[PDB]
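The structure appears below as structure tokens.
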Amino acid sequence: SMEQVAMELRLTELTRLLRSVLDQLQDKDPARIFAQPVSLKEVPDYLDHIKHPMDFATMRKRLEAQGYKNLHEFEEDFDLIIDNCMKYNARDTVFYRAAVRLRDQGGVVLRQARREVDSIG
């Protein structure tokens with residue numbers, strides 16, 4: 001149907017905007033701490049601690065399959081990256097501190113993304 005096409009075009013355009021958001025957030029992680037999944041070879045107990053692991057590569061795979069239907073879904077995954085790190089790692093660690101800085105910096109980006117998503121529809 002034409003309606004299904006129009007819906008698909010909106011999803012495609014959302015995907016464009018989320019790719020630009022994703023790039024901007026990942027620039028706020030210049031150490032590449034959150035770039036890839038935590039390795040279960042190197043952290044064999046991880047899944048005993050963290051039930052829903054997340055990282056920027058995993059988000060990028062979902063994004064490229066047009067797997068985020070709305071900004072809320074995308075933000076959920078970004079928040080997992082931060083929140084998982086802040087639980088597994090202690091306050092005095094480079095990992096935790098990196099997550100705090102990513103959260104603070106990413107907030108700004110996400111605030112305007114929400115306005116754009118609402119504005120353009």
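No lab work stands behind these numbers, since they all come straight from the coordinates. Here Cβ is always computed from backbone atoms with ideal geometry, including for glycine, and neighbour counts include all displayed protein chains.
Miscellaneous remarks
- Packing-based exposure ordering (other Cβ within 10 Å, fewest first) of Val100, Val109: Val100, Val109
- Across segment 34-121, the mean sequence separation of Cα contacts (distance under 8 Å, 6 or more residues apart), normalised by length, yields a relative contact order of 23 percent.
- Using the rule -39500 (n - 2.57) for each DSSP H run of four or more residues, divided by the residues of the chain, the 222 nm mean residue ellipticity is -23000 deg cm²/dmol.
- 24 Å tail of the calculated P(r), the chain, as % of Cα pairs: 31 percent
- When segment 1-50 is reduced to its Cα atoms, the Kirkwood hydrodynamic radius in Å: 14.0 Å
- Along each principal axis, Cα extent of segment 64-121, largest first, Å: 42, 24, 15
- Cα centre as origin, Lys/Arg/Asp/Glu Cβ charges: the chain dipole, Debye: 240 debye
- Sparse packing (at most 16 other Cβ atoms within 10 Å of the Cβ) combined with a DSSP loop state is found for the following GluC sites (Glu not before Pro) in segment 24-119: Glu42.
- DSSP-loop trypsin sites (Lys or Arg not before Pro) across segment 1-57, with at most 13 other Cβ within 10 angstrom: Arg32, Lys41, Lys51
- Listed by chain and number, the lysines whose alpha-carbon sits under 21 Å from that of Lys61, ignoring those within fewer than 8 places in the same chain, are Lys28, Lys51, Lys69.
- Alpha carbon centroid spacing (whole Å) that separates segment 29-90 from segment 98-121: 17 Å
- GNM on the chain, alpha-carbon springs under 10 angstrom: the most fluctuating residue among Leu80, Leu40, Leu110 is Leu40.
- Screening the chain for whole DSSP H helices with an alpha carbon extent of at least 20 angstrom along the helix axis and a mean Kyte-Doolittle hydropathy of at least -1.0 yields 2-27, 71-88, 94-120.
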